[PDB]
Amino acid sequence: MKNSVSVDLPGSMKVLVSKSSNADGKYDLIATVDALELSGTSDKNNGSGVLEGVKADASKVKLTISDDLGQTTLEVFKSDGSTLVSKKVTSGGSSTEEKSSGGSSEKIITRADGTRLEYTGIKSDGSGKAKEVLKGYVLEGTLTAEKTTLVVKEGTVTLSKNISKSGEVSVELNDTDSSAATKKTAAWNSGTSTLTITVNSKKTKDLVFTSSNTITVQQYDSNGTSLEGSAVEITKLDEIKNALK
């Protein structure tokens, strides 16, 4: 690989591809990931293809680079190469890291902005524990094969952020408050990703769940009909609880 060319890949990796092909028309590939050298051959000249290596503990490693360089898959197998232990797929600014070990699985999704969904203790029915890691705070809850449900409790109010298997966010609020004068109810608008809270037949605040994986809160005037001021981004879990008081 004396006169190879270096190619940047998703997942903060680099591959070297030979400048010209062998007698079969194929290009040599070399990459180093952490301590491990990987090597392969490809029928393309751009850095795409498959590289393989073996760790010191005899685990087999495969790096698969998609044809257009938009995706990398980094896989680790047991020493015979049959049983997959871990798989990291990176593309479009996001990574998904899956590991299966000792009865349960894990899946960590890292979004382009650094926020994460962490699914742990995944069982054969698709259930598990769920955490969303946002900037400044974490939301915790559960996973089923149908949805992720992340829960914040304040007083008799329970706020539930649902993420469907498809990735669609919806939010609900349920309040066990006996008193009809203080009980919170809320309505969800999927068109604006906004939960509007009502108390005593007047709107009190809008909670917006943004495409940037943030939450903002904005109050209504005492008339219960017009918004006032400007929306404030939540920076810590305590401020979500404050919005539920």
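Residue indices: 1-based, along the sequence shown.
- Set 179-187 against 195-203 and average the Cα temperature factors; 179-187 ends up higher.
- Judged by mean Cα B factor in the deposited record, 1-9 ranks above the other of 1-9 and 234-242.
- Comparing the listed residues 168, 75, 172, 97, the entry records the largest Cα B-factor for 168.
- Within the group 123, 116, 87, 135, the record's highest C-alpha temperature factor is found at 135.
- The deposited CA B-factor of residue 152 belongs to the lowest third of values across its chain.
- The deposited CA B-factor of residue 28 belongs to the middle third of values across its chain.
- Ranked within its chain, residue 91 lands in the middle third, by CA B factor from the PDB record.
- Residue 215: CA B factor in the lowest third of modelled residues in this chain (values from the PDB entry).
- Per the deposited record, the Cα B-factor of residue 112 falls in the highest third when ranked against the other modelled residues of its chain.
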